[PDB]
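Quick heads-up: it's one chain on its own, the form deposited in one PDB entry, in structure tokens.
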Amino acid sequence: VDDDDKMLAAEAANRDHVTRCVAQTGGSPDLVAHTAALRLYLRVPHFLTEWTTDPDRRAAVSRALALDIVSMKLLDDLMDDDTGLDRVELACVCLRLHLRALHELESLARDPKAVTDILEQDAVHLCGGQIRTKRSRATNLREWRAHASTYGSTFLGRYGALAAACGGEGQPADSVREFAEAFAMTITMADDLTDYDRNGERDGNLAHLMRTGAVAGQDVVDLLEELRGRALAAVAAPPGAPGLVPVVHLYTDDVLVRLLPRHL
């Protein structure tokens, strides 16, 4: 019925698609549960596919994306080697999800070629940015936003792009992406402001900068409002994706109301 019902049912669809795949490739119970806990990553393909009208195609695209996004997160876990999962399972499963994603994605694009074009377009900016990020810590909001604009904006924006290519009409590609890129920074900040109490982890960068006073409350607030506005702007372009308006709001207020206080 309501929209929260579709999101919830999409998340489930995607989680199940992902796990069937993880298990039928040899991944273990640990790994299958690991991937099933990737809550927001399994839900975001839903948002990126809001412009897609056919529900059949929407579902298909939605999960092909969940597959690749899960894959990239597995790789990120592989490089950091801190989750306690088996590196072999991690590398092998990761690769297998990605290959299924390409395949399913290309089976849905107008032009199969569009998928690799997109993934290539800024592969250097993303992988290059992922290294530099992990290399040096940022020391102010400006460095933070730049660092974040890669493992966040660039990373999620490619999927907005793919989502627009595997969806057909009723799709304004630039805007879908503009949306993915703003929403990403928002959730990135949140993830950077949440600490979940795991081994040798400590405090999110941005969180740290906030506590050292090196980054000000109002500026983080400013930023959040900039991203909110930018997201709303993108779901308004024709033909809009009105459904994302409450979503934009939900996650943005969430950081404002819930998370920020812990640091101010």
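The first residue of the shown sequence is 1; numbering continues from there. Only the largest set of C-alpha atoms that superpose within 1.5 Å between the two forms is called the rigid core.
One more form of this protein exists, namely the form deposited in another entry; it is left out here, but the text below deals with it.
Lining up the core between the shown form and the other one shows that one residue from 195, 219, 54, 30 moves its Cα 2 Å or more, and that residue is 195. In that other deposited form, the Cα-Cα separation between residue 251 and residue 199 shrinks by 3 Å or more relative to the displayed conformation.
In that other deposited form, the Cα positions of residue 202 and residue 137 lie at least 3 Å nearer to each other than in the form displayed.
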